[PDB]
């Protein structure tokens, strides 16, 4: 017997019982009557919901191999998304993910470290912010460019100028697609139609945008094919190609030019928007709490000077800064239900039989906003990650990147972008609101399965 739940209506299951505006809050309300493990029917499709640390840990960590499937909805097929890492399953996922973790290690692709690629980008970000000449600024475009250029330097071994036309084109297609993918019509309502696609023009537009990106990625693998130094892989493409060489006597291989294009598209997708949004949010929270910004700056000035770039080594000597970055991710909760999981086999889970391929929804909100681990969890307070002495207090409830076998591939890279972009910004600038700080609102704006910050402007005032 599946876990207990609200009795489904015929055909529509429990769809009339969930506010699709704020799915996270509905899931939380259902946990107060059905407890931490409960079943919802998305039109005869059973979804099991895990709410709370204990259930999420039990599934994602204790039974990690069983809860490592990606949940599949019609959008996976309509947008052709199951051929990289994010939406792939089985052998294809296991192999592309294991290759991807190895290649994304700090020194995973040659002498030039990931850290060096981000440090370079952090310098360019600081230069673009100077060019705003301390005038009112929606930082959305600029903060979106930085993480996107890090992905570019990781994949193609060289970053673009922010004014370069091929870059603005890629950036434009990525943003359109992310904005389309974020509509409840595309991510929820059209998924209720298992066979008929009610938005065929939208899916076409998504697939044209991907094609454009895939075409640029192919132009570059050609350029990498001719200038190939075995004994010197520079980037994700060099490492992927020479993985293909080692796979030449073992076809059919999960490593092909097709799976490189699709993997690259996933890294652009996964690695841009969430980092971008987290940065934009961090600046809003620093605007709203200027004392916090001032203590970060004190750590910056004391531990780092004004004569050198920040570097990751500084983070262990900057507990307050580390607490702030950790409290930004915890407070804003950008992926309140992560991405859906699926069980990879039949599994007994607290005396509930969950059949192979049943969709699992993880409430990361329920962990990040635990009111016992983080007292007053709806408040931004760096003290949630500090002890009485001022040292960094780690939390097992810190899961903005999810947990277990599907944990975000970019966990380490995101951690570096956030630490280095934010320390580089505050080492070179003070932040000025156009509205009085006490007025600005910082509560997440939820639209289905994602949180975004409110609109805001600020001035980057050189130090």
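Numbering follows the first chain given and starts at 1.
Stretches compared: 196 to 204, 247 to 255. Higher mean C-alpha B-factor in the entry: 247 to 255. Higher mean CA temperature factor between 408 to 416 and 43 to 51: 43 to 51, per the PDB entry. The PDB entry assigns its highest CA temperature factor, among 382, 82, 139, 233, to 233.
The maximum CA B-factor among the listed residues 119, 165, 88, 275, taken from the PDB record, is found at 165. Per the deposited record, the Cα B-factor of residue 458 falls in the lowest third when ranked against the other modelled residues of its chain. Sort the chain's modelled residues by C-alpha temperature factor and residue 94 lands in the middle third, per the entry. Compared with the other modelled residues of the chain, the Cα B-factor recorded for residue 437 ranks in the highest third. Residue-level temperature factors show residue 176 in the middle third of its chain, judged at the C-alpha atom. Looking at the C-alpha B-factors along this chain, the one for residue 336 belongs to the lowest third.
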